[PDB]
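Q: Next comes work_20.txt, compact mmCIF, N, CA and C atoms:
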```txt
# COMPACT_ATOMS: atom_id res chain seq x y z
N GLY A 58 -3.02 15.35 3.33
CA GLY A 58 -4.24 15.55 2.57
C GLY A 58 -4.05 15.33 1.08
N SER A 59 -3.78 16.41 0.35
CA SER A 59 -3.57 16.32 -1.09
C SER A 59 -2.33 15.50 -1.41
N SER A 60 -2.11 15.26 -2.70
CA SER A 60 -0.96 14.48 -3.15
C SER A 60 0.33 14.98 -2.48
N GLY A 61 1.06 14.06 -1.86
CA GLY A 61 2.29 14.42 -1.20
C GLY A 61 2.09 14.73 0.28
N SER A 62 2.28 13.71 1.12
CA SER A 62 2.11 13.87 2.56
C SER A 62 2.92 12.83 3.32
N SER A 63 3.91 13.28 4.07
CA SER A 63 4.76 12.39 4.84
C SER A 63 4.07 11.97 6.14
N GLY A 64 4.17 10.69 6.47
CA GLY A 64 3.55 10.18 7.68
C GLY A 64 3.42 8.67 7.68
N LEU A 65 2.95 8.12 6.56
CA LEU A 65 2.77 6.68 6.44
C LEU A 65 3.67 6.12 5.34
N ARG A 66 4.74 5.44 5.75
CA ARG A 66 5.68 4.85 4.81
C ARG A 66 5.33 3.39 4.53
N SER A 67 4.04 3.12 4.39
CA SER A 67 3.57 1.76 4.12
C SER A 67 2.40 1.77 3.15
N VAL A 68 2.07 0.60 2.62
CA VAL A 68 0.96 0.47 1.68
C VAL A 68 0.23 -0.85 1.86
N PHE A 69 -1.07 -0.85 1.57
CA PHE A 69 -1.88 -2.05 1.70
C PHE A 69 -2.07 -2.74 0.35
N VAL A 70 -1.54 -3.95 0.24
CA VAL A 70 -1.64 -4.72 -1.00
C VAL A 70 -2.51 -5.96 -0.80
N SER A 71 -3.47 -6.15 -1.70
CA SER A 71 -4.37 -7.29 -1.63
C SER A 71 -4.97 -7.60 -3.00
N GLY A 72 -5.70 -8.71 -3.08
CA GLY A 72 -6.32 -9.10 -4.34
C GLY A 72 -5.42 -9.99 -5.17
N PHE A 73 -4.36 -10.52 -4.56
CA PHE A 73 -3.42 -11.38 -5.25
C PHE A 73 -3.98 -12.80 -5.38
N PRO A 74 -3.47 -13.54 -6.37
CA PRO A 74 -3.91 -14.92 -6.63
C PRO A 74 -3.29 -15.91 -5.64
N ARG A 75 -3.61 -17.19 -5.82
CA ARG A 75 -3.09 -18.23 -4.94
C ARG A 75 -1.67 -18.63 -5.35
N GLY A 76 -0.77 -18.66 -4.38
CA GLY A 76 0.61 -19.03 -4.65
C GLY A 76 1.58 -17.92 -4.30
N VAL A 77 1.13 -16.67 -4.42
CA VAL A 77 1.97 -15.52 -4.11
C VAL A 77 2.50 -15.59 -2.68
N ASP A 78 3.78 -15.29 -2.52
CA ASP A 78 4.41 -15.31 -1.21
C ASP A 78 4.94 -13.93 -0.83
N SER A 79 5.40 -13.80 0.41
CA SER A 79 5.93 -12.53 0.90
C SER A 79 7.22 -12.16 0.17
N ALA A 80 8.13 -13.12 0.07
CA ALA A 80 9.40 -12.90 -0.61
C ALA A 80 9.19 -12.39 -2.03
N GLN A 81 8.35 -13.09 -2.79
CA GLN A 81 8.06 -12.71 -4.16
C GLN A 81 7.54 -11.28 -4.23
N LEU A 82 6.41 -11.04 -3.59
CA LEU A 82 5.80 -9.71 -3.58
C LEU A 82 6.86 -8.63 -3.39
N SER A 83 7.62 -8.74 -2.30
CA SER A 83 8.67 -7.78 -1.99
C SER A 83 9.55 -7.53 -3.22
N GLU A 84 10.07 -8.60 -3.80
CA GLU A 84 10.92 -8.50 -4.97
C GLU A 84 10.25 -7.68 -6.07
N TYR A 85 8.96 -7.92 -6.26
CA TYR A 85 8.20 -7.20 -7.28
C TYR A 85 8.05 -5.73 -6.92
N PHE A 86 8.13 -5.43 -5.63
CA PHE A 86 8.01 -4.06 -5.14
C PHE A 86 9.38 -3.41 -4.99
N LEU A 87 10.41 -4.11 -5.45
CA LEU A 87 11.78 -3.61 -5.36
C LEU A 87 12.14 -2.80 -6.60
N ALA A 88 11.27 -2.83 -7.60
CA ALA A 88 11.50 -2.10 -8.84
C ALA A 88 11.25 -0.61 -8.65
N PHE A 89 10.74 -0.24 -7.48
CA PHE A 89 10.46 1.15 -7.17
C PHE A 89 11.31 1.64 -6.00
N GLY A 90 11.54 0.75 -5.04
CA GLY A 90 12.34 1.10 -3.87
C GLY A 90 12.58 -0.08 -2.95
N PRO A 91 13.31 0.16 -1.86
CA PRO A 91 13.63 -0.89 -0.87
C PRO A 91 12.44 -1.20 0.03
N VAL A 92 11.98 -2.45 -0.02
CA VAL A 92 10.86 -2.88 0.80
C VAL A 92 11.34 -3.49 2.12
N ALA A 93 10.75 -3.04 3.22
CA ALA A 93 11.11 -3.53 4.54
C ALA A 93 10.69 -4.99 4.71
N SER A 94 9.41 -5.26 4.48
CA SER A 94 8.88 -6.62 4.61
C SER A 94 7.42 -6.68 4.16
N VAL A 95 6.90 -7.89 4.04
CA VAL A 95 5.51 -8.09 3.62
C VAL A 95 4.75 -8.92 4.63
N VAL A 96 3.97 -8.25 5.48
CA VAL A 96 3.19 -8.94 6.50
C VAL A 96 1.87 -9.44 5.93
N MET A 97 1.88 -10.68 5.43
CA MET A 97 0.68 -11.28 4.85
C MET A 97 0.01 -12.22 5.84
N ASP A 98 -1.31 -12.12 5.95
CA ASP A 98 -2.06 -12.97 6.87
C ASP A 98 -1.76 -14.44 6.62
N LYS A 99 -1.52 -15.18 7.70
CA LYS A 99 -1.21 -16.60 7.60
C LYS A 99 -2.46 -17.45 7.87
N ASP A 100 -3.26 -17.01 8.83
CA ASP A 100 -4.49 -17.72 9.19
C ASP A 100 -5.33 -18.00 7.95
N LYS A 101 -5.53 -16.96 7.14
CA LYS A 101 -6.33 -17.09 5.92
C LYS A 101 -5.49 -16.75 4.69
N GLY A 102 -4.90 -15.56 4.69
CA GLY A 102 -4.08 -15.14 3.57
C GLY A 102 -4.88 -14.40 2.51
N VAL A 103 -5.26 -13.16 2.82
CA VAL A 103 -6.04 -12.35 1.89
C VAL A 103 -5.37 -10.99 1.67
N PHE A 104 -4.97 -10.35 2.76
CA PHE A 104 -4.32 -9.05 2.69
C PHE A 104 -2.87 -9.13 3.16
N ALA A 105 -2.06 -8.17 2.73
CA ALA A 105 -0.65 -8.14 3.10
C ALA A 105 -0.15 -6.70 3.22
N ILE A 106 0.36 -6.36 4.40
CA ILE A 106 0.87 -5.01 4.64
C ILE A 106 2.29 -4.85 4.08
N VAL A 107 2.39 -4.18 2.94
CA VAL A 107 3.69 -3.96 2.31
C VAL A 107 4.38 -2.74 2.89
N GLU A 108 5.49 -2.97 3.59
CA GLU A 108 6.24 -1.88 4.20
C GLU A 108 7.35 -1.40 3.27
N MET A 109 7.77 -0.15 3.45
CA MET A 109 8.82 0.43 2.63
C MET A 109 9.91 1.06 3.50
N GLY A 110 11.12 1.13 2.96
CA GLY A 110 12.23 1.71 3.70
C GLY A 110 12.01 3.17 4.03
N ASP A 111 12.13 4.03 3.02
CA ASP A 111 11.94 5.46 3.21
C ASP A 111 10.60 5.91 2.63
N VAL A 112 10.12 7.06 3.09
CA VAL A 112 8.85 7.61 2.62
C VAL A 112 8.83 7.71 1.10
N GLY A 113 9.92 8.19 0.52
CA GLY A 113 10.01 8.33 -0.92
C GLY A 113 9.63 7.05 -1.64
N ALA A 114 10.18 5.93 -1.19
CA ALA A 114 9.90 4.64 -1.81
C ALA A 114 8.40 4.41 -1.94
N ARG A 115 7.69 4.51 -0.82
CA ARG A 115 6.24 4.31 -0.81
C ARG A 115 5.55 5.29 -1.76
N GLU A 116 6.14 6.47 -1.91
CA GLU A 116 5.58 7.50 -2.79
C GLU A 116 5.79 7.13 -4.25
N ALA A 117 6.92 6.49 -4.54
CA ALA A 117 7.24 6.08 -5.90
C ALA A 117 6.19 5.11 -6.44
N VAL A 118 5.55 4.38 -5.54
CA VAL A 118 4.52 3.41 -5.93
C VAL A 118 3.20 4.11 -6.24
N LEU A 119 2.85 5.09 -5.41
CA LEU A 119 1.61 5.83 -5.60
C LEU A 119 1.61 6.57 -6.94
N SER A 120 2.79 7.01 -7.36
CA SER A 120 2.93 7.73 -8.62
C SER A 120 3.17 6.76 -9.78
N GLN A 121 2.47 5.63 -9.75
CA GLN A 121 2.61 4.62 -10.79
C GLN A 121 1.35 4.54 -11.63
N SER A 122 1.52 4.29 -12.93
CA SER A 122 0.39 4.19 -13.85
C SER A 122 -0.49 2.99 -13.49
N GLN A 123 0.00 1.79 -13.77
CA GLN A 123 -0.74 0.57 -13.48
C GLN A 123 0.16 -0.47 -12.83
N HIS A 124 -0.41 -1.23 -11.89
CA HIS A 124 0.34 -2.27 -11.20
C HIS A 124 -0.14 -3.66 -11.61
N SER A 125 0.77 -4.63 -11.58
CA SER A 125 0.44 -6.00 -11.96
C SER A 125 1.52 -6.97 -11.47
N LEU A 126 1.10 -8.18 -11.12
CA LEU A 126 2.02 -9.20 -10.64
C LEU A 126 2.02 -10.41 -11.56
N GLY A 127 2.63 -10.27 -12.73
CA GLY A 127 2.69 -11.36 -13.68
C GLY A 127 1.38 -11.56 -14.41
N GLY A 128 0.77 -10.46 -14.84
CA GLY A 128 -0.50 -10.55 -15.55
C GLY A 128 -1.68 -10.18 -14.68
N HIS A 129 -1.78 -10.82 -13.52
CA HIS A 129 -2.87 -10.55 -12.59
C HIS A 129 -2.85 -9.10 -12.13
N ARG A 130 -4.00 -8.62 -11.67
CA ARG A 130 -4.12 -7.24 -11.20
C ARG A 130 -4.07 -7.18 -9.68
N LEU A 131 -3.40 -6.15 -9.16
CA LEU A 131 -3.27 -5.98 -7.71
C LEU A 131 -3.91 -4.66 -7.27
N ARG A 132 -4.69 -4.72 -6.19
CA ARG A 132 -5.35 -3.54 -5.66
C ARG A 132 -4.42 -2.76 -4.73
N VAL A 133 -3.31 -2.29 -5.27
CA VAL A 133 -2.34 -1.53 -4.49
C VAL A 133 -2.93 -0.21 -4.01
N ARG A 134 -2.87 0.02 -2.71
CA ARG A 134 -3.40 1.25 -2.13
C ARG A 134 -2.47 1.79 -1.04
N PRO A 135 -2.52 3.11 -0.82
CA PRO A 135 -1.68 3.77 0.19
C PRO A 135 -2.20 3.55 1.61
N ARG A 136 -2.51 2.30 1.93
CA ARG A 136 -3.01 1.95 3.25
C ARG A 136 -3.94 3.04 3.78
N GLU A 137 -4.91 3.43 2.97
CA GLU A 137 -5.86 4.47 3.36
C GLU A 137 -7.21 3.86 3.74
N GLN A 138 -7.32 3.45 5.00
CA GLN A 138 -8.56 2.84 5.50
C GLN A 138 -9.09 3.61 6.70
N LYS A 139 -10.30 3.26 7.12
CA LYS A 139 -10.93 3.92 8.27
C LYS A 139 -10.63 5.41 8.27
N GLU A 140 -10.85 6.06 7.13
CA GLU A 140 -10.60 7.49 7.00
C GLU A 140 -11.76 8.30 7.58
N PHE A 141 -11.47 9.08 8.61
CA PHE A 141 -12.49 9.90 9.26
C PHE A 141 -12.79 11.14 8.42
N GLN A 142 -14.07 11.35 8.12
CA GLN A 142 -14.49 12.50 7.33
C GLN A 142 -15.32 13.46 8.17
N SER A 143 -15.15 14.76 7.92
CA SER A 143 -15.88 15.78 8.66
C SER A 143 -15.68 17.16 8.03
N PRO A 144 -16.66 18.05 8.22
CA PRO A 144 -16.62 19.41 7.67
C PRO A 144 -15.70 20.32 8.48
N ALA A 145 -14.42 20.33 8.12
CA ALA A 145 -13.44 21.16 8.81
C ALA A 145 -13.45 22.58 8.25
N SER A 146 -14.24 23.45 8.88
CA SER A 146 -14.34 24.84 8.44
C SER A 146 -13.78 25.78 9.51
N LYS A 147 -12.95 26.72 9.08
CA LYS A 147 -12.35 27.69 9.99
C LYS A 147 -11.54 28.73 9.22
N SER A 148 -11.55 29.96 9.72
CA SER A 148 -10.82 31.05 9.08
C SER A 148 -10.05 31.87 10.11
N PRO A 149 -8.86 32.35 9.73
CA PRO A 149 -8.01 33.16 10.60
C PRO A 149 -8.50 34.60 10.71
N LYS A 150 -8.20 35.24 11.84
CA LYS A 150 -8.60 36.62 12.06
C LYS A 150 -7.44 37.58 11.81
N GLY A 151 -7.74 38.72 11.19
CA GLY A 151 -6.72 39.70 10.90
C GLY A 151 -5.77 39.91 12.07
```
Could you take the file, read its structure, and then write that structure out as structure tokens?

A:
Amino acid sequence: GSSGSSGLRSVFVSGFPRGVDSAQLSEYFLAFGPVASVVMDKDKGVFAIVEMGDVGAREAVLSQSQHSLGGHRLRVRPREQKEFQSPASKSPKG
């Protein structure tokens, strides 16, 4: 929920310009931690699933001020999609 939650050691990166490759991206994401790989769509090439070695690594990215890939801006996100929302109300009994 709140800041700091182990479970997803990956991040969703997109919004990159034309020319960017998987190898490059990874290298750029190595300044924070060890990247497993970059699964970028080949059919079209719009989004890329950036994987990380350990949970900490992925966390080091979330705790970053601003991200950029050689000037251009990147919409780096903690792979937070299709998030189910609902009024979770409940209280414990003495």

Q: Based on the backbone DSSP call, show me all residues of chain A assigned alpha helix (DSSP H), as a list in words.

A: residues 79, 80, 81, 82, 83, 84, 85, 112, 113, 114, 115, 116, 117, 118 and 119 of chain A

Q: I'd like to know which of A:129, A:139, A:134, A:124 is closest to residue 74 of chain A, using all atoms listed in the file.

A: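 Ranking A:129, A:139, A:134, A:124 by distance to residue 74 of chain A, first place goes to A:129.
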
Q: I'd like the neighbourhood of segment 86-103 of chain A as a PDB file with N, CA and C atoms, in the coordinates of the input, where a residue qualifies if any of its atoms comes within 6 Å (using all atoms listed in the file), though same-chain residues fewer than 3 positions away should be ignored.

A:
```pdb
ATOM      1  N   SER A  71      -3.470  -6.150  -1.700  1.00  0.00           N
ATOM      2  CA  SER A  71      -4.370  -7.290  -1.630  1.00  0.00           C
ATOM      3  C   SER A  71      -4.970  -7.600  -3.000  1.00  0.00           C
ATOM      4  N   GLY A  72      -5.700  -8.710  -3.080  1.00  0.00           N
ATOM      5  CA  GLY A  72      -6.320  -9.100  -4.340  1.00  0.00           C
ATOM      6  C   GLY A  72      -5.420  -9.990  -5.170  1.00  0.00           C
ATOM      7  N   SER A  79       5.400 -13.800   0.410  1.00  0.00           N
ATOM      8  CA  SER A  79       5.930 -12.530   0.900  1.00  0.00           C
ATOM      9  C   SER A  79       7.220 -12.160   0.170  1.00  0.00           C
ATOM     10  N   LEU A  82       6.410 -11.040  -3.590  1.00  0.00           N
ATOM     11  CA  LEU A  82       5.800  -9.710  -3.580  1.00  0.00           C
ATOM     12  C   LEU A  82       6.860  -8.630  -3.390  1.00  0.00           C
ATOM     13  N   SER A  83       7.620  -8.740  -2.300  1.00  0.00           N
ATOM     14  CA  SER A  83       8.670  -7.780  -1.990  1.00  0.00           C
ATOM     15  C   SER A  83       9.550  -7.530  -3.220  1.00  0.00           C
ATOM     16  N   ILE A 106       0.360  -6.360   4.400  1.00  0.00           N
ATOM     17  CA  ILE A 106       0.870  -5.010   4.640  1.00  0.00           C
ATOM     18  C   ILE A 106       2.290  -4.850   4.080  1.00  0.00           C
ATOM     19  N   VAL A 107       2.390  -4.180   2.940  1.00  0.00           N
ATOM     20  CA  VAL A 107       3.690  -3.960   2.310  1.00  0.00           C
ATOM     21  C   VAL A 107       4.380  -2.740   2.890  1.00  0.00           C
ATOM     22  N   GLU A 108       5.490  -2.970   3.590  1.00  0.00           N
ATOM     23  CA  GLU A 108       6.240  -1.880   4.200  1.00  0.00           C
ATOM     24  C   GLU A 108       7.350  -1.400   3.270  1.00  0.00           C
ATOM     25  N   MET A 109       7.770  -0.150   3.450  1.00  0.00           N
ATOM     26  CA  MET A 109       8.820   0.430   2.630  1.00  0.00           C
ATOM     27  C   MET A 109       9.910   1.060   3.500  1.00  0.00           C
ATOM     28  N   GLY A 110      11.120   1.130   2.960  1.00  0.00           N
ATOM     29  CA  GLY A 110      12.230   1.710   3.700  1.00  0.00           C
ATOM     30  C   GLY A 110      12.010   3.170   4.030  1.00  0.00           C
ATOM     31  N   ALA A 114      10.180   5.930  -1.190  1.00  0.00           N
ATOM     32  CA  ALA A 114       9.900   4.640  -1.810  1.00  0.00           C
ATOM     33  C   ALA A 114       8.400   4.410  -1.940  1.00  0.00           C
ATOM     34  N   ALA A 117       6.920   6.490  -4.540  1.00  0.00           N
ATOM     35  CA  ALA A 117       7.240   6.080  -5.900  1.00  0.00           C
ATOM     36  C   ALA A 117       6.190   5.110  -6.440  1.00  0.00           C
TER      37      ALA A 117
END
```

Q: Calculate how many Å separate atom N of residue 135 of chain A from atom C of residue 147 of chain A, rounding to one decimal.

A: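 Atom-to-atom, atom N of residue 135 of chain A and atom C of residue 147 of chain A are spaced 29.0 Å apart.
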
Q: Quick one: distance from atom CA of residue 133 of chain A to atom N of residue 145 of chain A in Å, one decimal?

A: 28.0 Å

Q: Could you work out how far atom CA of residue 69 of chain A lies from atom CA of residue 112 of chain A, giving the answer in Å with one decimal?

A: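 Computing the Euclidean distance for atom CA of residue 112 of chain A and atom CA of residue 69 of chain A yields 14.5 Å.
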
Q: Identify which of the residues A:143, A:126, A:120, A:111 lies closest to residue 67 of chain A, counting only N, CA and C atoms when measuring atom-to-atom distances.

A: A:111

Q: Which residue, A:131, A:105, A:140, A:84, has the smallest gap to residue 58 of chain A when you use only C-alpha atoms?

A: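 That would be A:140, the residue with the smallest distance to residue 58 of chain A.
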
Q: Could you check which of A:144, A:128, A:113, A:151 is closest to residue 65 of chain A, using only C-alpha atoms?

A: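 Smallest distance to residue 65 of chain A is found for A:113.
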
Q: Could you pull out the strand (DSSP E or B) residues of chain A from DSSP and send them as a list in words?

A: residues 67, 68, 69, 70, 71, 92, 93, 94, 95, 96, 97, 104, 105, 106, 107, 108, 109, 125, 126, 129, 130 and 134 of chain A

Q: Include N, CA and C atoms and write out the residues we just selected as a PDB file, keeping the file's coordinate frame.

A:
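Output file result.pdb follows:
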```
ATOM      1  N   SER A  67       4.040   3.120   4.390  1.00  0.00           N
ATOM      2  CA  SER A  67       3.570   1.760   4.120  1.00  0.00           C
ATOM      3  C   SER A  67       2.400   1.770   3.150  1.00  0.00           C
ATOM      4  N   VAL A  68       2.070   0.600   2.620  1.00  0.00           N
ATOM      5  CA  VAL A  68       0.960   0.470   1.680  1.00  0.00           C
ATOM      6  C   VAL A  68       0.230  -0.850   1.860  1.00  0.00           C
ATOM      7  N   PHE A  69      -1.070  -0.850   1.570  1.00  0.00           N
ATOM      8  CA  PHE A  69      -1.880  -2.050   1.700  1.00  0.00           C
ATOM      9  C   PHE A  69      -2.070  -2.740   0.350  1.00  0.00           C
ATOM     10  N   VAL A  70      -1.540  -3.950   0.240  1.00  0.00           N
ATOM     11  CA  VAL A  70      -1.640  -4.720  -1.000  1.00  0.00           C
ATOM     12  C   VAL A  70      -2.510  -5.960  -0.800  1.00  0.00           C
ATOM     13  N   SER A  71      -3.470  -6.150  -1.700  1.00  0.00           N
ATOM     14  CA  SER A  71      -4.370  -7.290  -1.630  1.00  0.00           C
ATOM     15  C   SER A  71      -4.970  -7.600  -3.000  1.00  0.00           C
ATOM     16  N   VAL A  92      11.980  -2.450  -0.020  1.00  0.00           N
ATOM     17  CA  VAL A  92      10.860  -2.880   0.800  1.00  0.00           C
ATOM     18  C   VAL A  92      11.340  -3.490   2.120  1.00  0.00           C
ATOM     19  N   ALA A  93      10.750  -3.040   3.220  1.00  0.00           N
ATOM     20  CA  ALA A  93      11.110  -3.530   4.540  1.00  0.00           C
ATOM     21  C   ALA A  93      10.690  -4.990   4.710  1.00  0.00           C
ATOM     22  N   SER A  94       9.410  -5.260   4.480  1.00  0.00           N
ATOM     23  CA  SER A  94       8.880  -6.620   4.610  1.00  0.00           C
ATOM     24  C   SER A  94       7.420  -6.680   4.160  1.00  0.00           C
ATOM     25  N   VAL A  95       6.900  -7.890   4.040  1.00  0.00           N
ATOM     26  CA  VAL A  95       5.510  -8.090   3.620  1.00  0.00           C
ATOM     27  C   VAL A  95       4.750  -8.920   4.630  1.00  0.00           C
ATOM     28  N   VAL A  96       3.970  -8.250   5.480  1.00  0.00           N
ATOM     29  CA  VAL A  96       3.190  -8.940   6.500  1.00  0.00           C
ATOM     30  C   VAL A  96       1.870  -9.440   5.930  1.00  0.00           C
ATOM     31  N   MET A  97       1.880 -10.680   5.430  1.00  0.00           N
ATOM     32  CA  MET A  97       0.680 -11.280   4.850  1.00  0.00           C
ATOM     33  C   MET A  97       0.010 -12.220   5.840  1.00  0.00           C
ATOM     34  N   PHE A 104      -4.970 -10.350   2.760  1.00  0.00           N
ATOM     35  CA  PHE A 104      -4.320  -9.050   2.690  1.00  0.00           C
ATOM     36  C   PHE A 104      -2.870  -9.130   3.160  1.00  0.00           C
ATOM     37  N   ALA A 105      -2.060  -8.170   2.730  1.00  0.00           N
ATOM     38  CA  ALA A 105      -0.650  -8.140   3.100  1.00  0.00           C
ATOM     39  C   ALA A 105      -0.150  -6.700   3.220  1.00  0.00           C
ATOM     40  N   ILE A 106       0.360  -6.360   4.400  1.00  0.00           N
ATOM     41  CA  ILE A 106       0.870  -5.010   4.640  1.00  0.00           C
ATOM     42  C   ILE A 106       2.290  -4.850   4.080  1.00  0.00           C
ATOM     43  N   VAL A 107       2.390  -4.180   2.940  1.00  0.00           N
ATOM     44  CA  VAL A 107       3.690  -3.960   2.310  1.00  0.00           C
ATOM     45  C   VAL A 107       4.380  -2.740   2.890  1.00  0.00           C
ATOM     46  N   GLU A 108       5.490  -2.970   3.590  1.00  0.00           N
ATOM     47  CA  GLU A 108       6.240  -1.880   4.200  1.00  0.00           C
ATOM     48  C   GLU A 108       7.350  -1.400   3.270  1.00  0.00           C
ATOM     49  N   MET A 109       7.770  -0.150   3.450  1.00  0.00           N
ATOM     50  CA  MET A 109       8.820   0.430   2.630  1.00  0.00           C
ATOM     51  C   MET A 109       9.910   1.060   3.500  1.00  0.00           C
ATOM     52  N   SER A 125       0.770  -4.630 -11.580  1.00  0.00           N
ATOM     53  CA  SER A 125       0.440  -6.000 -11.960  1.00  0.00           C
ATOM     54  C   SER A 125       1.520  -6.970 -11.470  1.00  0.00           C
ATOM     55  N   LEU A 126       1.100  -8.180 -11.120  1.00  0.00           N
ATOM     56  CA  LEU A 126       2.020  -9.200 -10.640  1.00  0.00           C
ATOM     57  C   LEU A 126       2.020 -10.410 -11.560  1.00  0.00           C
ATOM     58  N   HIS A 129      -1.780 -10.820 -13.520  1.00  0.00           N
ATOM     59  CA  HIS A 129      -2.870 -10.550 -12.590  1.00  0.00           C
ATOM     60  C   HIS A 129      -2.850  -9.100 -12.130  1.00  0.00           C
ATOM     61  N   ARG A 130      -4.000  -8.620 -11.670  1.00  0.00           N
ATOM     62  CA  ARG A 130      -4.120  -7.240 -11.200  1.00  0.00           C
ATOM     63  C   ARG A 130      -4.070  -7.180  -9.680  1.00  0.00           C
ATOM     64  N   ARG A 134      -2.870   0.020  -2.710  1.00  0.00           N
ATOM     65  CA  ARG A 134      -3.400   1.250  -2.130  1.00  0.00           C
ATOM     66  C   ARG A 134      -2.470   1.790  -1.040  1.00  0.00           C
TER      67      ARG A 134
END
```

Q: What would segment 74-85 of chain A look like with N, CA, C and O atoms restored, written as a PDB file, in the coordinates of the input?

A:
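Output below, filename out33.pdb:
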```
ATOM      1  N   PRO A  74      -3.470 -13.540  -6.370  1.00  0.00           N
ATOM      2  CA  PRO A  74      -3.910 -14.920  -6.630  1.00  0.00           C
ATOM      3  C   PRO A  74      -3.290 -15.910  -5.640  1.00  0.00           C
ATOM      4  O   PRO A  74      -2.559 -15.521  -4.733  1.00  0.00           O
ATOM      5  N   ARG A  75      -3.610 -17.190  -5.820  1.00  0.00           N
ATOM      6  CA  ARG A  75      -3.090 -18.230  -4.940  1.00  0.00           C
ATOM      7  C   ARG A  75      -1.670 -18.630  -5.350  1.00  0.00           C
ATOM      8  O   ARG A  75      -1.406 -18.908  -6.520  1.00  0.00           O
ATOM      9  N   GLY A  76      -0.770 -18.660  -4.380  1.00  0.00           N
ATOM     10  CA  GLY A  76       0.610 -19.030  -4.650  1.00  0.00           C
ATOM     11  C   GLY A  76       1.580 -17.920  -4.300  1.00  0.00           C
ATOM     12  O   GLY A  76       2.729 -18.183  -3.939  1.00  0.00           O
ATOM     13  N   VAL A  77       1.130 -16.670  -4.420  1.00  0.00           N
ATOM     14  CA  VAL A  77       1.970 -15.520  -4.110  1.00  0.00           C
ATOM     15  C   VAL A  77       2.500 -15.590  -2.680  1.00  0.00           C
ATOM     16  O   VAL A  77       1.765 -15.919  -1.753  1.00  0.00           O
ATOM     17  N   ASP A  78       3.780 -15.290  -2.520  1.00  0.00           N
ATOM     18  CA  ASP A  78       4.410 -15.310  -1.210  1.00  0.00           C
ATOM     19  C   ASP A  78       4.940 -13.930  -0.830  1.00  0.00           C
ATOM     20  O   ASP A  78       4.922 -13.007  -1.638  1.00  0.00           O
ATOM     21  N   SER A  79       5.400 -13.800   0.410  1.00  0.00           N
ATOM     22  CA  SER A  79       5.930 -12.530   0.900  1.00  0.00           C
ATOM     23  C   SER A  79       7.220 -12.160   0.170  1.00  0.00           C
ATOM     24  O   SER A  79       7.379 -11.030  -0.286  1.00  0.00           O
ATOM     25  N   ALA A  80       8.130 -13.120   0.070  1.00  0.00           N
ATOM     26  CA  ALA A  80       9.400 -12.900  -0.610  1.00  0.00           C
ATOM     27  C   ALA A  80       9.190 -12.390  -2.030  1.00  0.00           C
ATOM     28  O   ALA A  80       9.765 -11.378  -2.430  1.00  0.00           O
ATOM     29  N   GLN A  81       8.350 -13.090  -2.790  1.00  0.00           N
ATOM     30  CA  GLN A  81       8.060 -12.710  -4.160  1.00  0.00           C
ATOM     31  C   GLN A  81       7.540 -11.280  -4.230  1.00  0.00           C
ATOM     32  O   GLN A  81       8.160 -10.414  -4.857  1.00  0.00           O
ATOM     33  N   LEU A  82       6.410 -11.040  -3.590  1.00  0.00           N
ATOM     34  CA  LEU A  82       5.800  -9.710  -3.580  1.00  0.00           C
ATOM     35  C   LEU A  82       6.860  -8.630  -3.390  1.00  0.00           C
ATOM     36  O   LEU A  82       6.992  -7.715  -4.201  1.00  0.00           O
ATOM     37  N   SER A  83       7.620  -8.740  -2.300  1.00  0.00           N
ATOM     38  CA  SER A  83       8.670  -7.780  -1.990  1.00  0.00           C
ATOM     39  C   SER A  83       9.550  -7.530  -3.220  1.00  0.00           C
ATOM     40  O   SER A  83       9.752  -6.382  -3.623  1.00  0.00           O
ATOM     41  N   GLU A  84      10.070  -8.600  -3.800  1.00  0.00           N
ATOM     42  CA  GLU A  84      10.920  -8.500  -4.970  1.00  0.00           C
ATOM     43  C   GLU A  84      10.250  -7.680  -6.070  1.00  0.00           C
ATOM     44  O   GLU A  84      10.888  -6.854  -6.720  1.00  0.00           O
ATOM     45  N   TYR A  85       8.960  -7.920  -6.260  1.00  0.00           N
ATOM     46  CA  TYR A  85       8.200  -7.200  -7.280  1.00  0.00           C
ATOM     47  C   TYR A  85       8.050  -5.730  -6.920  1.00  0.00           C
ATOM     48  O   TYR A  85       7.868  -4.876  -7.789  1.00  0.00           O
TER      49      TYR A  85
END
```
